[PDB]
């Protein structure tokens, strides 16, 4: 079925649209009662994410309420290292962990690029099912973690406050860490390409933990591999290309370098204003963001005003033009947020940004 709303894709390509598209980080999440109901029946995050029909159900839930301009695949960045044999698990209310963290050269040497349609078939089947169920209503965004951010979880065995283990590896065994990052990057390229082939119409890379690095270490251990993704991932050409989005947080110091990777768009948070982001990226990329999600606790009038502020700040840094912007939050919605205020935000973005 032909895509009937391609606002998102045009904006990511810096092509003119009728109003600014919006989608929201964690738009499938516990702030929706129906998400909580699905989660209680399924039984765990993995019981939803590894079963295509449920991942599809969850992906489509926000679109049953809100006129969002995109769906984002319901999954987790840690599918890739789970498929590589590290055994992802969740302890009730503790965050993701791996049974087999990657701690030595032998563990690094065991890693291989998963067979995407077999080992990660639950992801690809979900992409196909979502694309079929959407039937051209709005585009589907696929995604991956960045190689650096995946490596962080793989070495640490879970989340970390300071990433001491992977940083010690960078200092004491950089050749081993580069080999880990090389195979992980090949996996990310294969994973994103397989999602595109299965039906994903835009692709986002999350470099959640790129900001823990010094400038030199960021260039060597994260940016190098983001560049490899941009160069090595086939996405088509021109007005039909599958857009590539790179997201980072508190990373306004790397916006210049990220804007030169070849990615189409950069996603960012509220720690810098979008006009400054336009200045540092030189007009080379579309920008996605950047509303602080705690705005959704404010009054409806304040939410509408804040959406107008984000939109008008972008335009002021873009020669007065609203084009090349995808409205989004800078961090995912929280479980206690009010769906009414989400609807207020979505309508306000569309209304205020009418061309």
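Positions refer to the first chain, counted from 1.
- For the pair 105-113 and 258-266, the mean B factor over Cα atoms is greater in 105-113.
- Relative to one another, 196-204 and 242-250 have unequal mean CA B-factors, and 242-250 is the one with the higher figure.
- Within the group 136, 142, 147, 121, the record's highest C-alpha temperature factor is found at 136.
- Of the candidates 83, 164, 188, 126, the PDB record gives 164 the highest C-alpha temperature factor.
- Compared with the other modelled residues of the chain, the Cα B-factor recorded for residue 286 ranks in the middle third.
- Sort the modelled residues of the chain by CA B factor and residue 316 lands in the highest third.
- The PDB entry assigns residue 24 a C-alpha temperature factor belonging to the lowest third of its chain's modelled residues.
- Split the chain's modelled residues into thirds by C-alpha temperature factor. Residue 17 is in the highest one.
- For residue 350, the recorded CA B-factor ranks within the lowest third of the chain. Only modelled residues enter the ranking.
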